[PDB]
């Protein structure tokens, strides 16, 4: 009784950020999140503009931008609104609740002011979510919990993954889904986003491991692929994005069936 992305966007318990995302995924036929792993604002913005029509989401690491300013993020928002994608800051909050609220709202990045989505590790216990929520709920934001990781030796397995799912369930006013390698929740209101994705097999020399879009969307039941170097290191990043979009979208259609 699997529902399409467009039908999931209407579920009773859906979070508004998840609903907006699912609707634009269905409209644009994309379940691709670009991992915009660059150090220059101009490259970030040029990628966002050119690849915007192909993506449901643009994932940032603003702490790697050599020339970050809040104005850069204003320009990114303009492109996100134009092309219809969400902005996900991959900050991996992982501190006690009292600290993460300040890291989310404040400092020089003011993440909550521009990021539709952030993510958090569950290792501190649920205070990490409660602290983020204090800022994010009033700002109508969402959060993803890291239930599994793609890297070699990941400890986000077994009972740890189960704890992440329970923590998400219990904080569904703010938590909209997971970073995971597969479907980890049976509740269709939750989004599953999967990094560690390339068309070709392999990994990197610092523990990254790859699986294909067909494997992670089609066989492992995830919703969205997060793709960095598979796109960013290609010469033509637009064509690369289209190849990843088509791969992830078809895998979704095939799983959904008749």
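By rigid core we mean the largest C-alpha set that fits within 1.5 Å across both forms. Positions refer to the first chain, counted from 1.
After a core fit, the C-alpha atoms in 7 other deposited structures of this protein lie farther on average from the shown form in one of 128 to 136 and 79 to 87, namely 128 to 136.
When 131 to 139 is weighed against 87 to 95, 131 to 139 comes out higher, by mean CA B-factor as recorded in the entry. On average the C-alpha atoms of 66 to 74 have higher B-factors than those of the other stretch, with 223 to 231 and 66 to 74 being the two compared. For the set 21, 248, 241, 14, the maximum C-alpha B-factor listed in the entry falls on 14.
For residue 212, the recorded CA B-factor ranks within the middle third of the chain. Only modelled residues enter the ranking. In this PDB entry, the Cα temperature factor of residue 110 sits in the bottom third of its chain's modelled residues, the lowest group. In the deposited entry, the Cα temperature factor of residue 57 places it in the lowest third of its chain's modelled residues.
In the PDB entry, a CA B factor belonging to the middle third of its chain's modelled residues is recorded for residue 48. When the modelled residues of the chain are ordered by C-alpha B-factor, residue 192 sits in the lowest third.
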